[PDB]
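Next up, run31.txt (compact mmCIF, N, CA, C and O atoms):
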# COMPACT_ATOMS: atom_id res chain seq x y z
N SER A 56 0.81 -1.22 0.00
CA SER A 56 0.00 0.00 0.00
C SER A 56 0.84 1.27 0.00
O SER A 56 0.39 2.32 -0.50
N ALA A 57 2.06 1.21 0.54
CA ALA A 57 2.95 2.36 0.43
C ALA A 57 3.18 2.75 -1.03
O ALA A 57 3.20 3.94 -1.38
N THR A 58 3.35 1.76 -1.91
CA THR A 58 3.58 2.03 -3.32
C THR A 58 2.37 2.70 -3.98
O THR A 58 2.53 3.59 -4.82
N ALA A 59 1.16 2.28 -3.61
CA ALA A 59 -0.03 2.91 -4.16
C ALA A 59 -0.12 4.38 -3.75
O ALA A 59 -0.47 5.24 -4.57
N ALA A 60 0.22 4.68 -2.50
CA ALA A 60 0.27 6.09 -2.10
C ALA A 60 1.31 6.86 -2.92
O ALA A 60 1.08 8.01 -3.33
N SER A 61 2.47 6.25 -3.17
CA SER A 61 3.47 6.92 -4.00
C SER A 61 2.94 7.22 -5.40
O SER A 61 3.23 8.28 -5.97
N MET A 62 2.17 6.30 -5.98
CA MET A 62 1.57 6.57 -7.29
C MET A 62 0.60 7.75 -7.21
O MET A 62 0.50 8.56 -8.15
N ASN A 63 -0.14 7.83 -6.11
CA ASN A 63 -0.95 9.01 -5.86
C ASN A 63 -0.12 10.29 -5.90
O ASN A 63 -0.61 11.35 -6.29
N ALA A 64 1.14 10.20 -5.48
CA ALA A 64 2.03 11.36 -5.59
C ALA A 64 2.51 11.60 -7.03
O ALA A 64 2.81 12.73 -7.40
N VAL A 65 2.62 10.53 -7.82
CA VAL A 65 3.10 10.66 -9.21
C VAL A 65 2.10 11.40 -10.08
O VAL A 65 2.46 12.18 -10.99
N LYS A 66 0.81 11.14 -9.85
CA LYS A 66 -0.22 11.71 -10.72
C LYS A 66 -0.18 13.24 -10.75
O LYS A 66 -0.47 13.85 -11.79
N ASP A 67 0.18 13.88 -9.64
CA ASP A 67 0.25 15.34 -9.60
C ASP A 67 1.32 15.88 -10.54
O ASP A 67 1.10 16.88 -11.24
N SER A 68 2.50 15.25 -10.55
CA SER A 68 3.55 15.67 -11.46
C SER A 68 3.10 15.53 -12.91
O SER A 68 3.35 16.41 -13.74
N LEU A 69 2.42 14.42 -13.22
CA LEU A 69 1.94 14.26 -14.59
C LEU A 69 0.94 15.36 -14.97
O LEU A 69 0.99 15.89 -16.09
N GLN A 70 0.04 15.72 -14.06
CA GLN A 70 -0.93 16.78 -14.36
C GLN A 70 -0.25 18.13 -14.58
O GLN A 70 -0.64 18.89 -15.48
N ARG A 71 0.75 18.45 -13.77
CA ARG A 71 1.47 19.71 -13.96
C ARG A 71 2.16 19.74 -15.33
O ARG A 71 2.17 20.77 -16.01
N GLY A 72 2.73 18.60 -15.74
CA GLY A 72 3.31 18.54 -17.07
C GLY A 72 2.29 18.78 -18.17
O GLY A 72 2.57 19.47 -19.15
N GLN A 73 1.09 18.21 -18.00
CA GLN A 73 0.01 18.47 -18.95
C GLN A 73 -0.24 19.97 -19.10
O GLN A 73 -0.34 20.49 -20.22
N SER A 74 -0.37 20.66 -17.97
CA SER A 74 -0.68 22.09 -18.02
C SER A 74 0.42 22.88 -18.74
O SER A 74 0.14 23.75 -19.58
N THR A 75 1.68 22.58 -18.42
CA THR A 75 2.79 23.29 -19.05
C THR A 75 2.78 23.11 -20.57
O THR A 75 2.91 24.08 -21.33
N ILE A 76 2.60 21.87 -21.02
CA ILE A 76 2.63 21.64 -22.46
C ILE A 76 1.44 22.29 -23.15
O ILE A 76 1.55 22.76 -24.29
N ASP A 77 0.28 22.34 -22.49
CA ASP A 77 -0.88 23.01 -23.09
C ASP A 77 -0.60 24.49 -23.32
O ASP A 77 -0.94 25.05 -24.38
N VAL A 78 0.01 25.16 -22.34
CA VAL A 78 0.36 26.57 -22.52
C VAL A 78 1.30 26.74 -23.71
O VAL A 78 1.13 27.64 -24.56
N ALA A 79 2.31 25.87 -23.80
CA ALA A 79 3.25 25.96 -24.91
C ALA A 79 2.55 25.80 -26.25
O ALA A 79 2.86 26.50 -27.21
N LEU A 80 1.60 24.86 -26.34
CA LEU A 80 0.91 24.62 -27.60
C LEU A 80 0.07 25.82 -28.03
O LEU A 80 0.02 26.16 -29.22
N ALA A 81 -0.60 26.48 -27.08
CA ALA A 81 -1.37 27.67 -27.43
C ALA A 81 -0.46 28.76 -28.01
O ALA A 81 -0.74 29.34 -29.07
N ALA A 82 0.66 29.02 -27.33
CA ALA A 82 1.60 30.01 -27.85
C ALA A 82 2.09 29.63 -29.24
O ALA A 82 2.23 30.48 -30.12
N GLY A 83 2.36 28.34 -29.45
CA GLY A 83 2.86 27.90 -30.74
C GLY A 83 1.87 28.11 -31.87
O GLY A 83 2.26 28.47 -32.99
N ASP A 84 0.59 27.88 -31.61
CA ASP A 84 -0.42 28.12 -32.63
C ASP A 84 -0.44 29.60 -33.03
O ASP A 84 -0.47 29.95 -34.23
N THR A 85 -0.41 30.49 -32.03
CA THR A 85 -0.37 31.91 -32.35
C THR A 85 0.85 32.25 -33.19
O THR A 85 0.76 33.01 -34.17
N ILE A 86 2.00 31.68 -32.84
CA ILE A 86 3.24 31.99 -33.54
C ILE A 86 3.19 31.52 -34.99
O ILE A 86 3.68 32.21 -35.89
N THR A 87 2.60 30.36 -35.24
CA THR A 87 2.50 29.89 -36.63
C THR A 87 1.62 30.81 -37.47
O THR A 87 1.93 31.08 -38.64
N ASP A 88 0.51 31.28 -36.90
CA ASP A 88 -0.32 32.24 -37.64
C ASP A 88 0.48 33.50 -37.99
O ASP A 88 0.44 33.99 -39.13
N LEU A 89 1.22 34.02 -37.01
CA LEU A 89 2.02 35.22 -37.26
C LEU A 89 3.08 34.97 -38.33
O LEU A 89 3.39 35.86 -39.13
N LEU A 90 3.67 33.77 -38.34
CA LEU A 90 4.69 33.46 -39.34
C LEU A 90 4.11 33.42 -40.74
O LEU A 90 4.75 33.87 -41.70
N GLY A 91 2.90 32.87 -40.89
CA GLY A 91 2.25 32.93 -42.19
C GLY A 91 2.06 34.36 -42.67
O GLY A 91 2.35 34.70 -43.83
N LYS A 92 1.58 35.23 -41.77
CA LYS A 92 1.40 36.63 -42.16
C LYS A 92 2.72 37.28 -42.54
O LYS A 92 2.79 38.07 -43.49
N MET A 93 3.79 36.98 -41.79
CA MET A 93 5.10 37.55 -42.10
C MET A 93 5.59 37.11 -43.47
O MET A 93 6.19 37.90 -44.21
N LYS A 94 5.37 35.84 -43.81
CA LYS A 94 5.75 35.38 -45.14
C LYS A 94 5.02 36.15 -46.22
O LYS A 94 5.62 36.54 -47.23
N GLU A 95 3.72 36.39 -46.03
CA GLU A 95 2.98 37.16 -47.03
C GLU A 95 3.52 38.58 -47.17
O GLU A 95 3.66 39.09 -48.28
N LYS A 96 3.82 39.23 -46.04
CA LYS A 96 4.36 40.59 -46.10
C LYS A 96 5.70 40.63 -46.82
O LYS A 96 5.96 41.52 -47.64
N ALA A 97 6.58 39.67 -46.51
CA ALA A 97 7.89 39.63 -47.16
C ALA A 97 7.76 39.38 -48.65
O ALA A 97 8.52 39.94 -49.44
N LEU A 98 6.83 38.51 -49.05
CA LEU A 98 6.60 38.30 -50.48
C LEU A 98 6.12 39.58 -51.15
O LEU A 98 6.58 39.92 -52.25
N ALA A 99 5.20 40.30 -50.51
CA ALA A 99 4.69 41.53 -51.11
C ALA A 99 5.78 42.58 -51.24
O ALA A 99 5.81 43.32 -52.23
N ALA A 100 6.68 42.67 -50.26
CA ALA A 100 7.72 43.68 -50.29
C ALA A 100 8.82 43.40 -51.31
O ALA A 100 9.64 44.29 -51.56
N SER A 101 8.86 42.22 -51.90
CA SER A 101 9.91 41.89 -52.86
C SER A 101 9.58 42.33 -54.25
O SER A 101 10.40 42.10 -55.15
N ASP A 102 8.43 42.94 -54.48
CA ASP A 102 8.05 43.44 -55.80
C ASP A 102 8.92 44.64 -56.15
O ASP A 102 9.07 45.57 -55.36
N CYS A 103 9.48 44.61 -57.35
CA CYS A 103 10.42 45.64 -57.79
C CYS A 103 9.74 46.87 -58.36
O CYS A 103 10.42 47.87 -58.61
N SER A 104 8.42 46.84 -58.55
CA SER A 104 7.69 47.96 -59.14
C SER A 104 6.96 48.79 -58.10
O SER A 104 6.02 49.52 -58.44
N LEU A 105 7.36 48.71 -56.83
CA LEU A 105 6.70 49.44 -55.76
C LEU A 105 7.35 50.80 -55.55
O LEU A 105 8.50 51.03 -55.92
N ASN A 106 6.59 51.70 -54.94
CA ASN A 106 7.11 53.01 -54.58
C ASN A 106 7.98 52.92 -53.33
O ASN A 106 8.03 51.89 -52.65
N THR A 107 8.67 54.01 -53.03
CA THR A 107 9.39 54.10 -51.77
C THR A 107 8.46 54.14 -50.57
O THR A 107 8.88 53.82 -49.46
N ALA A 108 7.19 54.51 -50.78
CA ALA A 108 6.23 54.65 -49.70
C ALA A 108 5.54 53.35 -49.34
O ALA A 108 5.16 53.18 -48.17
N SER A 109 5.35 52.44 -50.29
CA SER A 109 4.77 51.13 -49.99
C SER A 109 5.78 50.20 -49.34
O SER A 109 5.40 49.38 -48.49
N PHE A 110 7.05 50.30 -49.73
CA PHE A 110 8.08 49.48 -49.14
C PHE A 110 8.19 49.74 -47.64
O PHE A 110 8.31 48.81 -46.85
N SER B 56 2.66 -28.36 46.69
CA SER B 56 1.91 -27.10 46.71
C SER B 56 2.81 -25.87 46.68
O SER B 56 2.40 -24.81 46.19
N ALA B 57 4.05 -25.99 47.19
CA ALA B 57 4.98 -24.88 47.06
C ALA B 57 5.20 -24.51 45.59
O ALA B 57 5.27 -23.32 45.24
N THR B 58 5.30 -25.52 44.72
CA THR B 58 5.51 -25.26 43.29
C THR B 58 4.32 -24.53 42.67
O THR B 58 4.50 -23.65 41.82
N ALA B 59 3.10 -24.90 43.06
CA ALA B 59 1.92 -24.21 42.54
C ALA B 59 1.92 -22.74 42.94
O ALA B 59 1.59 -21.86 42.13
N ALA B 60 2.29 -22.44 44.19
CA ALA B 60 2.43 -21.04 44.58
C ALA B 60 3.48 -20.32 43.73
O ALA B 60 3.29 -19.16 43.32
N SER B 61 4.60 -20.99 43.45
CA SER B 61 5.61 -20.37 42.60
C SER B 61 5.06 -20.04 41.21
O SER B 61 5.39 -19.00 40.63
N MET B 62 4.24 -20.93 40.66
CA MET B 62 3.62 -20.63 39.36
C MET B 62 2.71 -19.41 39.45
O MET B 62 2.63 -18.60 38.51
N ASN B 63 2.01 -19.29 40.57
CA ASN B 63 1.25 -18.07 40.83
C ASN B 63 2.15 -16.84 40.77
O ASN B 63 1.69 -15.76 40.39
N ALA B 64 3.41 -16.98 41.17
CA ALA B 64 4.35 -15.87 41.02
C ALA B 64 4.80 -15.66 39.58
O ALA B 64 5.15 -14.54 39.20
N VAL B 65 4.85 -16.73 38.78
CA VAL B 65 5.30 -16.63 37.39
C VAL B 65 4.31 -15.85 36.53
O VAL B 65 4.69 -15.09 35.62
N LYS B 66 3.01 -16.04 36.80
CA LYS B 66 1.99 -15.42 35.95
C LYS B 66 2.11 -13.90 35.91
O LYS B 66 1.82 -13.28 34.88
N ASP B 67 2.53 -13.27 37.01
CA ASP B 67 2.66 -11.82 37.04
C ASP B 67 3.74 -11.33 36.08
O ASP B 67 3.55 -10.33 35.38
N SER B 68 4.88 -12.02 36.04
CA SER B 68 5.93 -11.66 35.10
C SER B 68 5.44 -11.78 33.67
O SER B 68 5.71 -10.91 32.83
N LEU B 69 4.70 -12.85 33.38
CA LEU B 69 4.18 -12.99 32.02
C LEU B 69 3.23 -11.85 31.65
O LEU B 69 3.28 -11.32 30.53
N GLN B 70 2.37 -11.44 32.59
CA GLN B 70 1.44 -10.34 32.31
C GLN B 70 2.18 -9.03 32.06
O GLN B 70 1.80 -8.25 31.17
N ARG B 71 3.21 -8.75 32.85
CA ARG B 71 3.99 -7.53 32.63
C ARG B 71 4.64 -7.54 31.26
O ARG B 71 4.69 -6.50 30.57
N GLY B 72 5.15 -8.70 30.84
CA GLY B 72 5.69 -8.80 29.49
C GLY B 72 4.66 -8.51 28.42
O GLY B 72 4.95 -7.84 27.42
N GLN B 73 3.44 -9.02 28.61
CA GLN B 73 2.35 -8.71 27.69
C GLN B 73 2.17 -7.20 27.54
O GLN B 73 2.07 -6.68 26.42
N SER B 74 2.10 -6.50 28.67
CA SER B 74 1.86 -5.05 28.62
C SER B 74 2.97 -4.32 27.88
O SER B 74 2.72 -3.45 27.04
N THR B 75 4.23 -4.69 28.17
CA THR B 75 5.35 -4.02 27.51
C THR B 75 5.30 -4.21 25.99
O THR B 75 5.46 -3.25 25.22
N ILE B 76 5.05 -5.45 25.54
CA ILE B 76 5.03 -5.68 24.10
C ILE B 76 3.86 -4.97 23.44
O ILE B 76 3.97 -4.51 22.30
N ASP B 77 2.72 -4.86 24.13
CA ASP B 77 1.59 -4.14 23.56
C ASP B 77 1.93 -2.68 23.31
O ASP B 77 1.59 -2.11 22.25
N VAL B 78 2.59 -2.04 24.27
CA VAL B 78 3.00 -0.65 24.08
C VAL B 78 3.92 -0.52 22.87
O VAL B 78 3.77 0.38 22.02
N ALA B 79 4.88 -1.44 22.76
CA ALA B 79 5.80 -1.40 21.63
C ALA B 79 5.06 -1.53 20.30
O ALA B 79 5.39 -0.84 19.33
N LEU B 80 4.07 -2.42 20.24
CA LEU B 80 3.34 -2.63 18.99
C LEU B 80 2.55 -1.39 18.58
O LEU B 80 2.48 -1.06 17.39
N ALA B 81 1.93 -0.71 19.55
CA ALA B 81 1.21 0.52 19.21
C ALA B 81 2.16 1.56 18.60
O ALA B 81 1.88 2.16 17.54
N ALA B 82 3.30 1.77 19.26
CA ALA B 82 4.27 2.72 18.71
C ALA B 82 4.72 2.31 17.31
O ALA B 82 4.88 3.15 16.42
N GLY B 83 4.92 1.00 17.10
CA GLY B 83 5.37 0.54 15.79
C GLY B 83 4.36 0.80 14.69
O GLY B 83 4.74 1.14 13.56
N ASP B 84 3.08 0.62 14.98
CA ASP B 84 2.06 0.92 13.98
C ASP B 84 2.09 2.39 13.58
O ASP B 84 2.06 2.73 12.38
N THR B 85 2.19 3.28 14.58
CA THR B 85 2.29 4.70 14.25
C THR B 85 3.51 4.98 13.38
O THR B 85 3.43 5.74 12.40
N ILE B 86 4.64 4.35 13.71
CA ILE B 86 5.88 4.60 12.98
C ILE B 86 5.77 4.13 11.53
O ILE B 86 6.27 4.79 10.61
N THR B 87 5.11 2.99 11.29
CA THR B 87 4.96 2.53 9.92
C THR B 87 4.11 3.48 9.09
O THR B 87 4.40 3.74 7.91
N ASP B 88 3.03 4.01 9.68
CA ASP B 88 2.24 5.01 8.96
C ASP B 88 3.08 6.23 8.59
O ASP B 88 3.04 6.71 7.44
N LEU B 89 3.87 6.72 9.55
CA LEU B 89 4.72 7.87 9.27
C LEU B 89 5.74 7.57 8.18
O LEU B 89 6.07 8.44 7.37
N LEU B 90 6.27 6.35 8.16
CA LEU B 90 7.26 5.99 7.14
C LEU B 90 6.64 5.96 5.75
O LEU B 90 7.28 6.38 4.77
N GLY B 91 5.41 5.47 5.63
CA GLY B 91 4.73 5.56 4.34
C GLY B 91 4.59 7.00 3.86
O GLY B 91 4.87 7.32 2.70
N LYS B 92 4.17 7.89 4.77
CA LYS B 92 4.05 9.30 4.39
C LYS B 92 5.40 9.89 3.97
O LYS B 92 5.48 10.67 3.01
N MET B 93 6.46 9.54 4.69
CA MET B 93 7.79 10.05 4.35
C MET B 93 8.22 9.58 2.97
O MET B 93 8.84 10.34 2.22
N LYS B 94 7.94 8.32 2.64
CA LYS B 94 8.27 7.83 1.30
C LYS B 94 7.55 8.64 0.24
O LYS B 94 8.14 8.99 -0.79
N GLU B 95 6.26 8.94 0.46
CA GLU B 95 5.54 9.73 -0.53
C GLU B 95 6.14 11.13 -0.68
O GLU B 95 6.28 11.63 -1.80
N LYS B 96 6.50 11.77 0.44
CA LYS B 96 7.10 13.11 0.36
C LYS B 96 8.43 13.08 -0.39
O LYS B 96 8.71 13.95 -1.22
N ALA B 97 9.26 12.07 -0.11
CA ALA B 97 10.55 11.97 -0.78
C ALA B 97 10.38 11.72 -2.27
O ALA B 97 11.15 12.25 -3.08
N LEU B 98 9.40 10.90 -2.64
CA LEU B 98 9.13 10.70 -4.06
C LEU B 98 8.69 11.99 -4.73
O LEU B 98 9.14 12.31 -5.84
N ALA B 99 7.83 12.76 -4.07
CA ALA B 99 7.35 14.01 -4.66
C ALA B 99 8.49 15.01 -4.83
O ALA B 99 8.53 15.74 -5.82
N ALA B 100 9.42 15.05 -3.87
CA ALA B 100 10.51 16.02 -3.92
C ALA B 100 11.56 15.69 -4.97
O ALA B 100 12.42 16.53 -5.24
N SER B 101 11.54 14.50 -5.55
CA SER B 101 12.54 14.12 -6.54
C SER B 101 12.21 14.57 -7.92
O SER B 101 12.99 14.30 -8.84
N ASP B 102 11.08 15.23 -8.13
CA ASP B 102 10.69 15.74 -9.43
C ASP B 102 11.61 16.90 -9.82
O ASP B 102 11.82 17.82 -9.03
N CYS B 103 12.14 16.84 -11.03
CA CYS B 103 13.12 17.82 -11.49
C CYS B 103 12.48 19.09 -12.05
O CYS B 103 13.20 20.05 -12.32
N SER B 104 11.16 19.12 -12.21
CA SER B 104 10.47 20.26 -12.78
C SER B 104 9.80 21.14 -11.73
O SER B 104 8.89 21.90 -12.06
N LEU B 105 10.23 21.04 -10.48
CA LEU B 105 9.63 21.80 -9.39
C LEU B 105 10.35 23.13 -9.20
O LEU B 105 11.50 23.30 -9.60
N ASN B 106 9.65 24.07 -8.57
CA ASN B 106 10.23 25.35 -8.23
C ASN B 106 11.13 25.22 -7.00
O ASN B 106 11.15 24.19 -6.32
N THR B 107 11.88 26.28 -6.72
CA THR B 107 12.64 26.34 -5.49
C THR B 107 11.73 26.43 -4.27
O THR B 107 12.16 26.09 -3.16
N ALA B 108 10.48 26.86 -4.45
CA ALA B 108 9.55 27.05 -3.34
C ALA B 108 8.81 25.78 -2.96
O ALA B 108 8.45 25.63 -1.79
N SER B 109 8.55 24.88 -3.90
CA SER B 109 7.92 23.60 -3.58
C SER B 109 8.90 22.62 -2.95
O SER B 109 8.50 21.82 -2.09
N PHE B 110 10.16 22.66 -3.38
CA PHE B 110 11.17 21.79 -2.80
C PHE B 110 11.33 22.06 -1.31
O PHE B 110 11.42 21.12 -0.51
Please, can you express the file's structure as structure tokens?
Amino acid sequence: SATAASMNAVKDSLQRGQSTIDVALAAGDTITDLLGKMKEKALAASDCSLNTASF
Amino acid sequence: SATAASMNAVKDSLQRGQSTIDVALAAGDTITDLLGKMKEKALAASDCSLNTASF
């Protein structure tokens, strides 16, 4: 029964790990969206027929 | 009959031994419970992802 109590202690560490990885995943989704937008902006800025004001 | 009286003297020593061992057993049960709790605490403290404040 001592071992079963120890497993009761293990579950808390696993739950904390779950929470940490969830936060990381949310931030990562936001970052991927921003990276797509940045790629579009960089593609638009590479046009050679633009004014000095659009660049 | 002298021997029977002597046995009457023996029974008291046996009863005192009973009492002493009973006290020891009660203390031992408490100690085993505390040892289980200590094992759980030591297992929890070995997690490498804890803060300086939880340790």
Where does chain A meet chain B within 7 Å, residue by residue, with the nearest atom pair and distance in Å to one decimal for each, counting only C-alpha atoms, listed by chain and rising number, as a tab-separated table?
residue	atom	partner	partner_atom	distance
A:57	CA	B:91	CA	5.4
A:60	CA	B:95	CA	6.6
A:61	CA	B:95	CA	4.9
A:64	CA	B:99	CA	6.0
Output for the residues just chosen: N, CA, C and O atoms as a short mmCIF file (atom, residue, chain, number, x, y, z; two decimals), in the coordinates of the input:
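Listing of out-v7.cif after writing:
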data_model
loop_
_atom_site.label_atom_id
_atom_site.label_comp_id
_atom_site.auth_asym_id
_atom_site.auth_seq_id
_atom_site.Cartn_x
_atom_site.Cartn_y
_atom_site.Cartn_z
N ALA A 57 2.06 1.21 0.54
CA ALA A 57 2.95 2.36 0.43
C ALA A 57 3.18 2.75 -1.03
O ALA A 57 3.20 3.94 -1.38
N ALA A 60 0.22 4.68 -2.50
CA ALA A 60 0.27 6.09 -2.10
C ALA A 60 1.31 6.86 -2.92
O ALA A 60 1.08 8.01 -3.33
N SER A 61 2.47 6.25 -3.17
CA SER A 61 3.47 6.92 -4.00
C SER A 61 2.94 7.22 -5.40
O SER A 61 3.23 8.28 -5.97
N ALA A 64 1.14 10.20 -5.48
CA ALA A 64 2.03 11.36 -5.59
C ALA A 64 2.51 11.60 -7.03
O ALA A 64 2.81 12.73 -7.40
#
Among chain B, which residues carry a DSSP assignment of alpha helix (DSSP H), reported as a PyMOL selection string? chain B and resi 57-100
I'd like the box whose edges run along x, y and z of the file and which contains every listed atom of segment 77-90 of chain B, padded by 3 Å per side; could you state its centre and edge lengths in Å, one decimal, as lines of an AutoDock Vina configuration file?
center_x = 4.2
center_y = 1.8
center_z = 14.5
size_x = 12.1
size_y = 19.3
size_z = 25.5
